[PDB]
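Listed next as structure tokens is one chain, alone, in the form deposited in one PDB entry.
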């Protein structure tokens, strides 16, 4: 009945003892990576910030600086991601994605399509405080087409409240989305962007259902997942996030590991950002939709302490 992550507050938390444990794991020429990853993956993000404070008070050193030099590679990147304050994670990920012509549209689409209006409001406020600019201005400056416009509408976080189902509106919206897809999402973009971006989640769930009966196929089938452009990818992420945010992010994890190579940036990002929100539900959708557990997939694609920390973040095997 509730969303649910895999990381919770550690019972009997003593930030000073945890700071000594992390310092003992790093003081000297050696490194106890096992002790570091066991402690940090079992402490909540808020507790990690308290350890960071006690670490500086007791020893006069910066914990994040110590971890960066003591650790290397993907394990270091995972630990650094876990130490970033939860209030700042998405805003930092978006600013990093908005890098000129090398803009990472996947990160923009992933965060902006799957975050709630309340989360997007906090992101916009934190983004301004950190980088001196507005997220909208940075988005408009680095994106184009109606992909930019759909990102702007979603960022406004003005989605209608979950209210009573209006059958006349569901029929009119499903008809319009069918005619927009017939034109390959290249005509009257403001029209379907307004439907995708400002209609309530429960309303759009019904619109997607009325779309199935009217057209004979689900609305996702009008967009090729691999070859489609940015707007169509964003539409696909919004539609899937409307159905189930954990299902969309589980599919995102799945394709980050399917095939050759591993999208470790996406693996780390989704694992960490959702660790205290809905990573458990993501695991449930992962097992249900891809016939294998998130745990077993991480075990087969990663290595070293990076794999150890990822599996502990995952929590447990499924099935």
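Shifts are known only where both forms have a C-alpha. Rigid core: the largest C-alpha set superposing within 1.5 Å between the two forms. Residue numbers count along the first chain shown, from 1.
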Legend entry - Stretch with the higher entry mean CA B-factor, where the candidates are 79-87 and 213-221: 213-221
Inset, instruction - Could you check which stretch, 96-104 or 149-157, carries the larger mean CA temperature factor in the entry? - result: 96-104
Legend entry - Residue selected from 71, 235, 168, 111 by maximal Cα B factor: 168
Inset, instruction - Using the B-factor values recorded in the entry, state whether the Cα atom of residue 13 falls in the lowest, middle or highest third among the modelled residues of its chain. - result: highest
Inset, instruction - Relative to the other modelled residues of the same chain, rank the CA B-factor of residue 265 and answer lowest, middle or highest third. - result: lowest
Legend entry - Chain thirds of CA B-factor: placement of residue 196: highest
Legend entry - CA B-factor ranking of residue 246, expressed as a third of its chain: lowest
Inset, instruction - Compare the C-alpha B factor of residue 22 with those of the other modelled residues in its chain, then answer lowest, middle or highest third. - result: middle
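Just so you know, the form solved in complex with a small molecule exists too; it's not on screen, but the next bit is about it.
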Legend entry - Any non-hydrogen atom of residue 181 within 4.5 angstroms of the small molecule in the entry with it bound: no
Legend entry - Interface membership of residue 205, the small molecule in the entry with it bound, 4.5 Å heavy atom rule: yes
Inset, instruction - Considering only heavy atoms, tell me if residue 43 and the small molecule come within 4.5 Å of each other in the entry with it bound. - result: no
Legend entry - 4.5 Å heavy atom contact, residue 26 and the small molecule in the entry with it bound: no
Legend entry - The single option of 222, 143, 241, 233 touching the small molecule in the entry with it bound, heavy atom within 4.5 Å: 241
Inset, instruction - Identify which of 86, 116, 72, 156 has a heavy atom within 4.5 Å of the small molecule in the entry with it bound; exactly one of them does. - result: 116
Legend entry - Contact test, all of 48, 123 and 126, partner the small molecule in the entry with it bound, heavy atom 4.5 Å: no
Legend entry - Region of this chain that lies against the small molecule in the entry with it bound, out of 274-282, 255-263, 60-68, 30-38 [heavy atom, 4.5 Å]: 274-282
Inset, instruction - Kindly specify the one residue in 244, 103, 156, 175 whose Cα moves by 2 Å or more between the shown form and the other one, with superposition done on the rigid core. - result: 103
Legend entry - Pairwise C-alpha change, residue 100 versus residue 80, in the entry with it bound against this form - closer or farther, 3 angstroms or more: closer
Inset, instruction - Once you account for a change of 3 Å or more, let me know if residue 140 and residue 101 sit closer or farther in the entry with it bound, using their C-alpha atoms. - result: farther
Inset, instruction - Send over the list of consecutive residue runs, 3+ long, where the C-alpha shift is 2 angstroms or more at every position between the shown form and the other one on a core fit. - result: 99-103
